[PDB]
């Protein structure tokens, strides 16, 4: 029941189009998810990436989620902005035992480098609206 999740999200503008990438790995198998949004922010995409990666896991699992998100790192290491997404994250984490790993970039983290690539590509041709922005 050991699943790994690698997520990354970013916006090309501030605000501007954005996207997220999420990679799930279990027993040597991998699934990838990405989505682009027309108008959002760096913070919202970093949070959305983690939310969606977790939601992709249908059954309760022990999770190790790696992300280089400074927004999430600070939030977990220390009205509230983006409360809609924070609530969605708490709800997405609910069925699982999630251990967060806030990494230092992509050096030594190939899956995260790849999640970043998925996010950027999705941000280049976005169609979905970030309804909570």
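Residue numbers count along the first chain shown, from 1.
Asker: I want to verify a possible break: how many residues of the deposited sequence sit between residue 78 and residue 79 without any coordinates (none, 1 to 3, 4 to 9, 10 or more)?
Answerer: In the record, 10 or more residues between residue 78 and residue 79 lack coordinates.
Asker: Mind pulling up the entry and telling me whether 26-34 or 101-109 has the higher mean Cα temperature factor?
Answerer: Of 101-109 and 26-34, the stretch with the higher C-alpha B-factor average is 101-109.
Asker: Going by the mean C-alpha B-factor recorded in the entry, which is higher: 91-99 or 48-56?
Answerer: Higher mean C-alpha B-factor in the PDB entry: 91-99.
Asker: Going by the recorded CA B-factors, say which third of the chain residue 19 sits in, lowest, middle or highest.
Answerer: For residue 19, the deposited C-alpha B-factor lands in the lowest third.
Asker: Please place residue 4 in the lowest, middle or highest third of its chain according to the CA B-factor in the PDB entry.
Answerer: For residue 4, whose C-alpha B-factor we compare with every modelled residue in the chain, the answer is the lowest third.
Asker: What third of the chain, by the recorded C-alpha B-factor, contains residue 12?
Answerer: For residue 12, whose C-alpha B-factor we compare with every modelled residue in the chain, the answer is the highest third.
Asker: Looking at the entry's B-factor column for C-alpha atoms only, identify whether residue 119 ranks in the lowest, middle or highest third of its chain.
Answerer: It falls in the bottom third of the chain.
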